[PDB]
Structure formats: structure tokens, C-alpha cells
>>> print(open('upload.cif').read())   # mmCIF, C-alpha atoms and all ligand atoms
data_run
#
loop_
_atom_site.label_atom_id
_atom_site.label_comp_id
_atom_site.auth_asym_id
_atom_site.auth_seq_id
_atom_site.Cartn_x
_atom_site.Cartn_y
_atom_site.Cartn_z
CA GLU Q 516 -12.86 -12.96 14.17
CA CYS Q 517 -12.34 -9.22 14.81
CA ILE Q 518 -9.90 -6.37 15.37
CA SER Q 519 -10.63 -3.50 17.72
CA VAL Q 520 -8.94 -0.23 16.71
CA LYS Q 521 -9.60 2.82 18.92
CA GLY Q 522 -12.78 1.18 20.25
CA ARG Q 523 -14.14 0.16 16.86
CA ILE Q 524 -14.80 -3.44 15.88
CA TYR Q 525 -13.78 -4.43 12.35
CA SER Q 526 -14.48 -7.91 10.94
CA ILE Q 527 -11.90 -9.71 8.78
CA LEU Q 528 -13.05 -10.72 5.29
CA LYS Q 529 -9.60 -12.06 4.38
CA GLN Q 530 -5.86 -11.51 4.60
CA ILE Q 531 -4.34 -9.70 1.61
CA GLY Q 532 -1.07 -11.40 0.63
CA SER Q 533 0.57 -13.13 3.61
CA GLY Q 534 3.34 -11.34 5.53
CA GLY Q 535 5.44 -12.37 8.54
CA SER Q 536 5.02 -10.21 11.67
CA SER Q 537 3.26 -7.69 9.39
CA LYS Q 538 -0.18 -8.55 7.96
CA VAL Q 539 -2.78 -6.69 5.89
CA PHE Q 540 -6.46 -7.56 6.33
CA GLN Q 541 -9.46 -6.68 4.22
CA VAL Q 542 -12.06 -5.65 6.84
CA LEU Q 543 -15.57 -4.23 7.36
CA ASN Q 544 -16.71 -1.79 10.06
CA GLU Q 545 -20.13 -1.93 11.81
CA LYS Q 546 -21.82 -0.20 8.83
CA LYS Q 547 -20.27 -2.65 6.32
CA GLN Q 548 -17.79 -0.08 4.96
CA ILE Q 549 -14.62 -1.68 3.57
CA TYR Q 550 -11.12 -0.87 4.88
CA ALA Q 551 -7.61 -2.37 4.92
CA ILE Q 552 -5.98 -2.97 8.33
CA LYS Q 553 -2.20 -3.28 8.56
CA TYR Q 554 -1.11 -5.20 11.67
CA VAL Q 555 2.50 -4.98 12.85
CA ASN Q 556 4.00 -6.98 15.73
CA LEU Q 557 6.61 -4.89 17.60
CA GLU Q 558 7.96 -7.48 20.11
CA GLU Q 559 11.16 -8.08 18.07
CA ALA Q 560 11.58 -4.44 16.94
CA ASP Q 561 14.65 -2.48 18.04
CA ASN Q 562 14.53 1.27 18.72
CA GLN Q 563 15.84 2.30 15.30
CA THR Q 564 13.11 0.17 13.69
CA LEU Q 565 10.44 1.58 16.01
CA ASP Q 566 11.72 5.09 15.25
CA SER Q 567 11.39 4.57 11.46
CA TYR Q 568 7.94 2.95 11.83
CA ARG Q 569 6.75 6.02 13.76
CA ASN Q 570 8.38 8.31 11.25
CA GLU Q 571 6.50 6.72 8.33
CA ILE Q 572 3.24 6.83 10.31
CA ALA Q 573 3.95 10.52 11.00
CA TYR Q 574 4.53 11.47 7.35
CA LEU Q 575 1.65 9.33 6.01
CA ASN Q 576 -0.69 10.95 8.51
CA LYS Q 577 0.65 14.41 7.59
CA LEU Q 578 0.82 14.24 3.77
CA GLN Q 579 -2.73 12.83 3.50
CA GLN Q 580 -4.44 16.23 3.31
CA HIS Q 581 -2.14 17.41 0.47
CA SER Q 582 -2.89 14.74 -2.16
CA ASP Q 583 -5.56 12.07 -2.67
CA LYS Q 584 -2.85 10.13 -4.57
CA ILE Q 585 -1.50 9.15 -1.16
CA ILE Q 586 -3.31 6.24 0.49
CA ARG Q 587 -5.78 7.47 3.12
CA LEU Q 588 -4.90 6.60 6.73
CA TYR Q 589 -8.18 6.93 8.67
CA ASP Q 590 -6.94 5.99 12.12
CA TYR Q 591 -4.34 3.94 13.93
CA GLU Q 592 -3.70 2.28 17.28
CA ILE Q 593 -0.11 2.01 18.48
CA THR Q 594 1.23 0.41 21.69
CA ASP Q 595 4.55 -1.23 22.65
CA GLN Q 596 3.37 -4.67 21.53
CA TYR Q 597 1.64 -3.83 18.22
CA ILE Q 598 0.37 -1.38 15.59
CA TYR Q 599 -3.01 -1.33 13.81
CA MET Q 600 -3.52 1.01 10.87
CA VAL Q 601 -7.01 1.53 9.47
CA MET Q 602 -6.66 2.44 5.80
CA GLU Q 603 -8.46 3.06 2.55
CA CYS Q 604 -8.96 -0.25 0.77
CA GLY Q 605 -7.55 -0.71 -2.75
CA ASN Q 606 -8.45 -3.21 -5.48
CA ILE Q 607 -5.02 -4.51 -6.50
CA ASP Q 608 -1.37 -3.36 -6.51
CA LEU Q 609 0.06 -2.15 -9.83
CA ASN Q 610 2.59 -5.01 -10.03
CA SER Q 611 -0.03 -7.75 -9.69
CA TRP Q 612 -2.20 -6.02 -12.31
CA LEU Q 613 0.67 -5.65 -14.81
CA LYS Q 614 1.78 -9.30 -14.38
CA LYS Q 615 -1.65 -10.49 -15.65
CA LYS Q 616 -1.93 -8.24 -18.72
CA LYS Q 617 -0.26 -8.39 -22.15
CA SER Q 618 -1.15 -4.81 -23.16
CA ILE Q 619 -2.57 -1.64 -21.60
CA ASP Q 620 -5.01 1.06 -22.73
CA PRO Q 621 -2.77 3.98 -23.87
CA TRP Q 622 -5.19 6.39 -22.16
CA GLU Q 623 -5.01 4.41 -18.91
CA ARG Q 624 -1.20 4.30 -18.99
CA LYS Q 625 -1.12 8.11 -19.26
CA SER Q 626 -3.66 8.50 -16.46
CA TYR Q 627 -1.68 6.22 -14.15
CA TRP Q 628 1.52 8.10 -14.99
CA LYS Q 629 -0.18 11.36 -13.87
CA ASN Q 630 -1.13 9.79 -10.53
CA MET Q 631 2.39 8.51 -9.93
CA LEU Q 632 3.94 11.93 -10.61
CA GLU Q 633 1.39 13.67 -8.35
CA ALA Q 634 2.13 11.22 -5.51
CA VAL Q 635 5.93 11.31 -5.84
CA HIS Q 636 5.87 15.09 -6.37
CA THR Q 637 3.97 15.45 -3.08
CA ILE Q 638 6.51 13.53 -0.97
CA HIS Q 639 9.38 15.47 -2.60
CA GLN Q 640 7.68 18.71 -1.54
CA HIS Q 641 8.10 17.60 2.11
CA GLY Q 642 11.74 16.48 1.73
CA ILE Q 643 11.13 12.74 1.27
CA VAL Q 644 13.00 10.81 -1.44
CA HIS Q 645 11.54 7.30 -1.74
CA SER Q 646 14.67 5.73 -3.26
CA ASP Q 647 13.11 2.26 -3.76
CA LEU Q 648 10.14 2.78 -6.08
CA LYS Q 649 8.63 -0.19 -7.89
CA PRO Q 650 5.11 -0.99 -9.14
CA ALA Q 651 4.25 -2.82 -5.86
CA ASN Q 652 4.45 0.58 -4.08
CA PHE Q 653 1.27 1.66 -5.92
CA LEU Q 654 -2.32 0.53 -5.40
CA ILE Q 655 -5.32 0.83 -7.73
CA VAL Q 656 -8.25 2.52 -5.96
CA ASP Q 657 -11.24 3.30 -8.22
CA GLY Q 658 -9.05 3.60 -11.33
CA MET Q 659 -6.42 5.71 -9.56
CA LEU Q 660 -2.89 4.83 -8.55
CA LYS Q 661 -2.12 5.72 -4.92
CA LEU Q 662 1.33 5.56 -3.28
CA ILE Q 663 1.02 3.25 -0.26
CA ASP Q 664 4.49 3.78 1.28
CA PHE Q 665 7.39 6.26 1.40
CA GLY Q 666 10.25 3.78 1.87
CA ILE Q 667 11.09 5.06 5.35
CA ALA Q 668 10.38 1.68 7.03
CA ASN Q 669 13.70 0.03 7.84
CA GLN Q 670 14.81 -3.58 8.49
CA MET Q 671 11.14 -4.71 8.47
CA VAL Q 684 13.32 -12.19 -3.27
CA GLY Q 685 14.13 -8.55 -4.09
CA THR Q 686 14.58 -6.89 -7.50
CA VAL Q 687 17.13 -4.42 -8.90
CA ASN Q 688 15.46 -3.63 -12.24
CA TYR Q 689 14.32 -0.22 -10.97
CA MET Q 690 17.58 0.89 -9.35
CA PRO Q 691 19.16 4.15 -10.55
CA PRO Q 692 22.84 4.23 -11.70
CA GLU Q 693 23.95 6.80 -9.09
CA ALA Q 694 23.00 4.43 -6.23
CA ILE Q 695 25.28 1.78 -7.76
CA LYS Q 696 28.19 4.07 -8.70
CA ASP Q 697 27.99 5.32 -5.10
CA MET Q 698 29.53 2.23 -3.42
CA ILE Q 711 20.74 9.90 -4.36
CA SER Q 712 18.33 12.84 -4.72
CA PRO Q 713 14.80 13.45 -6.08
CA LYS Q 714 16.19 12.48 -9.52
CA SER Q 715 16.68 8.90 -8.24
CA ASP Q 716 12.90 8.53 -8.01
CA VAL Q 717 12.55 9.83 -11.59
CA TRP Q 718 14.70 6.94 -12.91
CA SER Q 719 12.55 4.34 -11.13
CA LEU Q 720 9.29 5.98 -12.27
CA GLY Q 721 10.95 5.91 -15.71
CA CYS Q 722 11.48 2.13 -15.41
CA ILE Q 723 7.84 1.66 -14.29
CA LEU Q 724 6.59 3.59 -17.34
CA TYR Q 725 9.05 1.88 -19.69
CA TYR Q 726 7.59 -1.40 -18.38
CA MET Q 727 3.99 -0.27 -19.05
CA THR Q 728 5.05 0.88 -22.51
CA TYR Q 729 7.27 -2.00 -23.70
CA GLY Q 730 6.15 -4.88 -21.40
CA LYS Q 731 9.59 -5.26 -19.78
CA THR Q 732 11.97 -3.15 -17.68
CA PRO Q 733 15.04 -1.74 -19.52
CA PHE Q 734 17.59 -4.31 -18.29
CA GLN Q 735 15.16 -7.19 -17.71
CA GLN Q 736 16.90 -9.39 -20.31
CA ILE Q 737 20.16 -9.54 -18.29
CA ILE Q 738 19.53 -12.47 -15.89
CA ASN Q 739 23.00 -12.24 -14.28
CA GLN Q 740 22.58 -9.65 -11.52
CA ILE Q 741 26.24 -8.56 -11.45
CA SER Q 742 26.04 -7.95 -15.20
CA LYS Q 743 22.69 -6.20 -14.82
CA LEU Q 744 24.20 -3.64 -12.43
CA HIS Q 745 27.12 -3.13 -14.83
CA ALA Q 746 24.63 -2.63 -17.66
CA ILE Q 747 22.85 0.05 -15.59
CA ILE Q 748 26.04 2.04 -14.87
CA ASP Q 749 27.68 1.58 -18.30
CA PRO Q 750 27.36 4.55 -20.73
CA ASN Q 751 28.24 2.27 -23.66
CA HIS Q 752 25.23 0.05 -22.85
CA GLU Q 753 22.57 2.06 -24.68
CA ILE Q 754 18.93 1.52 -23.72
CA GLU Q 755 16.63 0.63 -26.61
CA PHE Q 756 13.54 2.77 -27.28
CA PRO Q 757 11.55 1.00 -30.04
CA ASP Q 758 9.50 3.47 -32.09
CA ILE Q 759 5.88 3.83 -30.96
CA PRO Q 760 2.82 5.95 -31.95
CA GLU Q 761 3.07 8.24 -28.89
CA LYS Q 762 6.29 10.13 -29.61
CA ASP Q 763 5.74 12.22 -26.47
CA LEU Q 764 5.73 9.04 -24.35
CA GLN Q 765 8.96 7.92 -26.05
CA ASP Q 766 10.55 11.26 -25.14
CA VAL Q 767 9.43 10.96 -21.52
CA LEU Q 768 11.12 7.54 -21.31
CA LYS Q 769 14.38 8.82 -22.79
CA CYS Q 770 14.47 11.82 -20.41
CA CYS Q 771 13.75 9.82 -17.25
CA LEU Q 772 16.37 7.15 -18.12
CA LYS Q 773 19.33 9.53 -18.60
CA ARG Q 774 22.19 8.17 -16.43
CA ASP Q 775 23.54 11.59 -15.43
CA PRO Q 776 21.18 12.90 -12.70
CA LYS Q 777 21.92 16.50 -13.72
CA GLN Q 778 20.83 15.71 -17.30
CA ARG Q 779 17.80 13.77 -16.05
CA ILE Q 780 14.39 15.46 -16.11
CA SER Q 781 12.87 16.66 -12.81
CA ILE Q 782 9.33 15.97 -11.58
CA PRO Q 783 8.09 19.56 -12.09
CA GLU Q 784 9.48 19.31 -15.64
CA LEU Q 785 7.60 16.03 -16.15
CA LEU Q 786 4.37 17.70 -14.96
CA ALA Q 787 4.70 20.25 -17.81
CA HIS Q 788 5.71 17.62 -20.40
CA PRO Q 789 3.37 17.27 -23.42
CA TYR Q 790 2.77 13.58 -22.62
CA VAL Q 791 0.85 14.56 -19.46
CA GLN Q 792 -0.63 17.89 -20.66
CA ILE Q 793 -1.72 17.61 -24.29
CA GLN Q 794 -5.10 15.93 -24.88
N1 LIG Q 801 -4.15 -0.07 1.91
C1 LIG Q 801 -4.18 -1.23 1.23
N2 LIG Q 801 -5.27 -1.62 0.52
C2 LIG Q 801 -5.29 -2.79 -0.16
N3 LIG Q 801 -4.26 -3.66 -0.18
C3 LIG Q 801 -3.11 -3.40 0.49
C4 LIG Q 801 -3.01 -2.14 1.26
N4 LIG Q 801 -1.79 -2.14 1.82
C5 LIG Q 801 -1.16 -3.29 1.46
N5 LIG Q 801 -1.96 -4.03 0.66
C6 LIG Q 801 -1.62 -5.35 0.06
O1 LIG Q 801 -1.39 -6.34 1.07
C7 LIG Q 801 -0.40 -7.27 0.62
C8 LIG Q 801 0.59 -7.53 1.75
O2 LIG Q 801 1.31 -8.74 1.49
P1 LIG Q 801 2.45 -9.24 2.52
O3 LIG Q 801 1.97 -8.99 3.93
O4 LIG Q 801 2.89 -10.63 2.10
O5 LIG Q 801 3.67 -8.22 2.23
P2 LIG Q 801 4.20 -7.88 0.74
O6 LIG Q 801 3.85 -6.43 0.46
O7 LIG Q 801 3.76 -8.97 -0.22
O8 LIG Q 801 5.80 -7.99 0.93
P3 LIG Q 801 6.37 -7.65 2.28
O9 LIG Q 801 5.35 -8.19 3.24
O10 LIG Q 801 7.68 -8.36 2.33
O11 LIG Q 801 6.47 -6.14 2.20
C9 LIG Q 801 0.25 -6.67 -0.62
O12 LIG Q 801 0.00 -7.49 -1.77
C10 LIG Q 801 -0.35 -5.29 -0.77
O13 LIG Q 801 -0.64 -4.96 -2.14
#
>>> encode(input="upload.cif", output="C-alpha cells")
Amino acid sequence: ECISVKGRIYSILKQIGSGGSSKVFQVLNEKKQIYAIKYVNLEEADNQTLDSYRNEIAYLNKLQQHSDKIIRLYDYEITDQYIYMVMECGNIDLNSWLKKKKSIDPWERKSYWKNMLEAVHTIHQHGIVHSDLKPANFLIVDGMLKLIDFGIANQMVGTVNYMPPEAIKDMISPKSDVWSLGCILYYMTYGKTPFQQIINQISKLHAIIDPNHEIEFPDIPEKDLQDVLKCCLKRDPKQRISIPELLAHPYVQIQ
């Protein structure tokens, strides 16, 4: 069958994943060019939800022309009943790709880390702190990671392995995103997130906020990489490294 978006027929190759009231479709336009179409049903959406959906559409549309490490939004159609978003089509999300891989090319890890910083840097430059970063938020598109959401979408099996200590103690600033990026890199380096071994979630959160629970950093060839991980995973936000600092770090600069 088909989807019309702004008077353009797209044909559905398949559904990517399988959401409820939100659905992503791999599609082709008339000229057989591939896109991804996000469909959202709005009939059960309150005003606050609608407001945040529009806000994320606004920022995604706006930040596009600043970085190609943000997913390209070509067009959208928005009424009171639904939303269609025509988007650049990616191969696979970072989480799915990591799950089926024992190791990673050291060069590729570094390259992906550059992309992530560029993307997160960009949203910071327009006042947006994501605050819920995890590998699923990134999409591989021609050997590039692209950030596919900004975490503005509201009440639309979780995970707390990427959560920064200051969010837990507070019961959040650009540094919060650095911690999570730090957990994503740690994972790509050591094959597991820092506190992955703690299956009890209440304990896990205590482990994250506990100074006396020291995070292990097994020695590796890339001593720069090791340093990046230590700097990103410093519990005190003030002591934690910023994104502009990470962009000047040897790990990302030195060939
Ligand atoms: N622009 C895009 N290009 C390619 N794939 C995409 C794009 N946007 C989203 N996807 C993929 O579509 C899938 C959507 O799955 P689904 O609708 O079940 O939601 P989810 O992301 O798995 O979780 P939730 O729906 O709860 O957010 C995800 O696996 C995601 O990687």
C-alpha cells in the first residue's frame, strides 16, 4: 500500500521495528529513492504531548542545516489526526549493531565517537540537553552515526545503565550528556556498560552515585581512549570534561 505526504506517493517496503501508535516505514518515492517515514497517531495525544511533538519537529527541522550528523528531515505532513515525517533512511541503529558484534574496529570506534560528539555538540549550541542518550538514539547511515532524536518527545522495558549520577542525586546540564556518551564509548571499548554487572536496579543506582564504588578501566593499547573514558565518567559534573574539551582531546585529533 502507500502513504501520501504533501502530495507525494511513497510505497512501503516494510515496517522498521514495530511501535504502537508510532510506526516507522522503509519507503520508496516515485523515482525509487529510499526514505524512512515516521507515522504518529495523534487521536489520544493531550496538548502538552502535542506541544512537545511540535517542538521536536521544530528543532529537528531547524538544526538540520548546521550538521549532517543530525538525521535529515526532508518533509512532513501534520494535521490534528496524524503526523507523517519523511526522513533520510539509515541502515541500522547503533544498539542493534553493537548487540551482534563481539569486537569493533578501533578506527571505526573513533570515527563513530567523532560523529556522536559533533551531533551532541550541535544540539548543545542551540540550548538542547538530551538527558536520555543511549546507543538506540543513533543510526548508521553510510558509515556515519546520526542522532535521530533530541529527547524532547514526552509521554509518547527501559534501561538505566546510561544515567548520570546528578540525575539520581537530584531526587542536569550539558555535562549529563557527556556521562551518557561516556557510557556508550565505554561499552564500545569494553563490551559492557560500567555498571552492567549489577542486576539489582536499586543497587545499580547506588553504585552510580557512590564515590567509593570505583569504576574499572582495564588497561588497553589506546591510552588516549582510556583517558577519554575516565574524564567522561567523573561523578562531579564540574570535574567532568565538556564537549568542546572532548573535541580537542588527542583521542579525536591525533592520527
Ligand atoms: N530515520 C530512520 N531511518 C531508519 N530507521 C529508523 C529511522 N527512525 C527510526 N528508525 C528505526 O525504526 C524502529 C522503530 O521501532 P518501534 O516503532 O518499535 O519503536 P522503538 O524505537 O523500537 O521504541 P519505541 O517505539 O518505544 O521508541 C527503530 O528500531 C529505529 O531504529
>>> atom_distance(input="upload.cif", atom1="atom CA of residue Q:574", atom2="atom CA of residue Q:518")
24.3 Å
>>> residues_around(input="upload.cif", residues="residue Q:623", least_positions_apart="5", cutoff="10 Å", atoms="all atoms listed in the file", output="list in words")
residues 628, 629, 658 and 659 of chain Q
>>> write_last_selection(input="upload.cif", atoms="C-alpha atoms", output="JSON list (two decimals), keeping the file's coordinate frame")
[["chain", "number", "residue", "atom", "x", "y", "z"],
["Q", 628, "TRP", "CA", 1.52, 8.10, -14.99],
["Q", 629, "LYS", "CA", -0.18, 11.36, -13.87],
["Q", 658, "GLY", "CA", -9.05, 3.60, -11.33],
["Q", 659, "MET", "CA", -6.42, 5.71, -9.56]]
>>> residues_near_point(input="upload.cif", point="(2.5, 8.9, 12.0)", cutoff="12 Å", atoms="only C-alpha atoms", output="ChimeraX atom specification")
/Q:565-579,588-593,598-600,665,667-668
>>> closest_atom_pairs(input="upload.cif", of="chain Q", to="ligand LIG 801 (chain Q)", cutoff="8 Å", atoms="all atoms listed in the file", output="JSON lines")
{"residue": "Q:530", "atom": "CA", "partner": "Q:LIG801", "partner_atom": "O1", "distance": 7.7}
{"residue": "Q:531", "atom": "CA", "partner": "Q:LIG801", "partner_atom": "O1", "distance": 4.5}
{"residue": "Q:532", "atom": "CA", "partner": "Q:LIG801", "partner_atom": "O2", "distance": 3.7}
{"residue": "Q:533", "atom": "CA", "partner": "Q:LIG801", "partner_atom": "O4", "distance": 3.7}
{"residue": "Q:534", "atom": "CA", "partner": "Q:LIG801", "partner_atom": "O3", "distance": 3.2}
{"residue": "Q:535", "atom": "CA", "partner": "Q:LIG801", "partner_atom": "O3", "distance": 6.7}
{"residue": "Q:537", "atom": "CA", "partner": "Q:LIG801", "partner_atom": "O3", "distance": 5.8}
{"residue": "Q:538", "atom": "CA", "partner": "Q:LIG801", "partner_atom": "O3", "distance": 4.6}
{"residue": "Q:539", "atom": "CA", "partner": "Q:LIG801", "partner_atom": "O1", "distance": 5.0}
{"residue": "Q:540", "atom": "CA", "partner": "Q:LIG801", "partner_atom": "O1", "distance": 7.4}
{"residue": "Q:541", "atom": "CA", "partner": "Q:LIG801", "partner_atom": "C2", "distance": 7.2}
{"residue": "Q:550", "atom": "CA", "partner": "Q:LIG801", "partner_atom": "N2", "distance": 7.3}
{"residue": "Q:551", "atom": "CA", "partner": "Q:LIG801", "partner_atom": "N2", "distance": 5.0}
{"residue": "Q:552", "atom": "CA", "partner": "Q:LIG801", "partner_atom": "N1", "distance": 7.3}
{"residue": "Q:553", "atom": "CA", "partner": "Q:LIG801", "partner_atom": "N4", "distance": 6.8}
{"residue": "Q:586", "atom": "CA", "partner": "Q:LIG801", "partner_atom": "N1", "distance": 6.5}
{"residue": "Q:587", "atom": "CA", "partner": "Q:LIG801", "partner_atom": "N1", "distance": 7.8}
{"residue": "Q:602", "atom": "CA", "partner": "Q:LIG801", "partner_atom": "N1", "distance": 5.3}
{"residue": "Q:603", "atom": "CA", "partner": "Q:LIG801", "partner_atom": "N1", "distance": 5.4}
{"residue": "Q:604", "atom": "CA", "partner": "Q:LIG801", "partner_atom": "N2", "distance": 3.9}
{"residue": "Q:605", "atom": "CA", "partner": "Q:LIG801", "partner_atom": "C2", "distance": 4.0}
{"residue": "Q:606", "atom": "CA", "partner": "Q:LIG801", "partner_atom": "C2", "distance": 6.2}
{"residue": "Q:607", "atom": "CA", "partner": "Q:LIG801", "partner_atom": "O13", "distance": 6.2}
{"residue": "Q:608", "atom": "CA", "partner": "Q:LIG801", "partner_atom": "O13", "distance": 4.7}
{"residue": "Q:611", "atom": "CA", "partner": "Q:LIG801", "partner_atom": "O12", "distance": 7.9}
{"residue": "Q:651", "atom": "CA", "partner": "Q:LIG801", "partner_atom": "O13", "distance": 6.5}
{"residue": "Q:652", "atom": "CA", "partner": "Q:LIG801", "partner_atom": "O13", "distance": 7.8}
{"residue": "Q:653", "atom": "CA", "partner": "Q:LIG801", "partner_atom": "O13", "distance": 7.9}
{"residue": "Q:654", "atom": "CA", "partner": "Q:LIG801", "partner_atom": "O13", "distance": 6.6}
{"residue": "Q:663", "atom": "CA", "partner": "Q:LIG801", "partner_atom": "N4", "distance": 6.4}
{"residue": "Q:671", "atom": "CA", "partner": "Q:LIG801", "partner_atom": "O10", "distance": 7.9}
>>> atom_distance(input="upload.cif", atom1="atom CA of residue Q:773", atom2="atom CA of residue Q:718")
7.8 Å
